[PDB]
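First up is the structure itself, then whatever we jot down about it.
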Amino acid sequence: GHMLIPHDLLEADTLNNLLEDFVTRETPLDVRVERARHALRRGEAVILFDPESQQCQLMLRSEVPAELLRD
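Residue numbers (the authors' numbering): -1 to 23, 31 to 76.
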(Lines of atoms letter the chains of each structure in order from A and count residues from 1; the text may use other names and numbers.)
(Lines give C-alpha, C1' and ligand atoms only; values in the text may rest on other atoms or scores of the structure.)
Protein backbone atom coordinates (compact mmCIF):
# COMPACT_ATOMS: atom_id res chain seq x y z
CA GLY A 1 0.00 0.00 0.00
CA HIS A 2 0.20 1.59 -2.36
CA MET A 3 -3.18 2.73 -3.66
CA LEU A 4 -4.94 2.09 -6.97
CA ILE A 5 -5.12 4.90 -9.52
CA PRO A 6 -7.27 4.66 -12.68
CA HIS A 7 -5.11 4.56 -15.87
CA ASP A 8 -7.21 7.35 -17.48
CA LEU A 9 -6.18 9.70 -14.67
CA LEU A 10 -2.51 9.28 -15.74
CA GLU A 11 -0.26 11.63 -17.60
CA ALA A 12 0.10 9.97 -21.06
CA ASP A 13 3.90 9.61 -21.04
CA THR A 14 4.16 8.23 -17.58
CA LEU A 15 1.44 5.67 -18.62
CA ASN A 16 3.49 4.66 -21.73
CA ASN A 17 6.59 4.17 -19.66
CA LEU A 18 4.60 2.06 -17.08
CA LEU A 19 3.17 -0.08 -19.98
CA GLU A 20 6.64 -0.62 -21.48
CA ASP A 21 8.07 -1.52 -18.03
CA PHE A 22 5.26 -4.03 -17.47
CA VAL A 23 5.55 -5.89 -20.76
CA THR A 24 9.29 -6.22 -20.35
CA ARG A 25 9.11 -7.03 -16.57
CA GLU A 26 8.77 -12.70 -30.68
CA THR A 27 5.71 -10.36 -30.53
CA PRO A 28 6.76 -6.71 -31.15
CA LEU A 29 6.86 -4.30 -28.18
CA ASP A 30 4.05 -2.17 -29.45
CA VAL A 31 1.70 -5.18 -29.84
CA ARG A 32 2.48 -6.29 -26.27
CA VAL A 33 1.85 -2.72 -25.06
CA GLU A 34 -1.54 -2.68 -26.85
CA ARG A 35 -2.45 -6.01 -25.25
CA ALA A 36 -1.57 -4.44 -21.86
CA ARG A 37 -3.68 -1.32 -22.59
CA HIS A 38 -6.68 -3.59 -23.34
CA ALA A 39 -5.99 -5.44 -20.05
CA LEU A 40 -6.10 -1.98 -18.29
CA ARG A 41 -9.38 -1.19 -20.05
CA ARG A 42 -10.83 -4.59 -18.95
CA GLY A 43 -9.56 -3.99 -15.36
CA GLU A 44 -7.44 -7.15 -15.52
CA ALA A 45 -4.27 -4.99 -15.02
CA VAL A 46 -4.33 -2.11 -12.58
CA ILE A 47 -1.95 0.64 -11.48
CA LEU A 48 -0.65 0.82 -7.96
CA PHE A 49 0.64 4.09 -6.56
CA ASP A 50 2.85 4.60 -3.45
CA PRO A 51 2.26 7.98 -1.62
CA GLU A 52 5.88 7.99 -0.42
CA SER A 53 8.38 7.22 -3.18
CA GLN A 54 5.51 8.66 -5.27
CA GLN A 55 6.21 5.68 -7.54
CA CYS A 56 3.69 3.83 -9.80
CA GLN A 57 3.61 0.33 -11.10
CA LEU A 58 1.39 -1.60 -13.52
CA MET A 59 0.38 -5.04 -12.14
CA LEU A 60 -1.98 -7.88 -13.11
CA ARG A 61 -5.04 -7.74 -10.76
CA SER A 62 -4.31 -11.48 -10.12
CA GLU A 63 -0.89 -10.60 -8.59
CA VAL A 64 -2.28 -7.94 -6.28
CA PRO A 65 -3.08 -8.83 -2.62
CA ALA A 66 -6.77 -8.54 -1.80
CA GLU A 67 -5.95 -5.86 0.79
CA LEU A 68 -4.66 -3.60 -2.07
CA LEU A 69 -7.73 -4.20 -4.35
CA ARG A 70 -10.08 -3.02 -1.52
CA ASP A 71 -9.96 0.63 -2.50
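Each residue gets a CB set at the ideal place from its N, CA and C atoms; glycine is no exception.
Proximity winner among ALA71, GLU9, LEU65, relative to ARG40 (alpha-carbon distances): What you label residue 40 is simply residue 35 of the sequence shown in a count that begins at 1. Selected option, being the one with the closest Cα: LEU65.
Simplified DSSP state of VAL69, which is helix, strand or coil: To locate residue 69, count along the sequence shown from 1; it is residue 64. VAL69: coil per DSSP, three-state reduction.
Residues that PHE54 bridges to, as DSSP identifies them: The residue labelled residue 54 in the question sits at position 49 within the sequence shown. Partner(s): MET1, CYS61.
Residue from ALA50, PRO56, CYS61 with nearest C-alpha to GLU68: Working through the sequence shown from its first residue, we reach residue 68 at position 63. The option with the nearest alpha carbon to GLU68 is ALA50.
Where the alpha helix (DSSP H) through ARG75 begins and ends: Locating residue 75 in the sequence shown gives position 70, counting from the first residue. Note, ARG75: premise wrong, no alpha helix (DSSP H); not H, not E.
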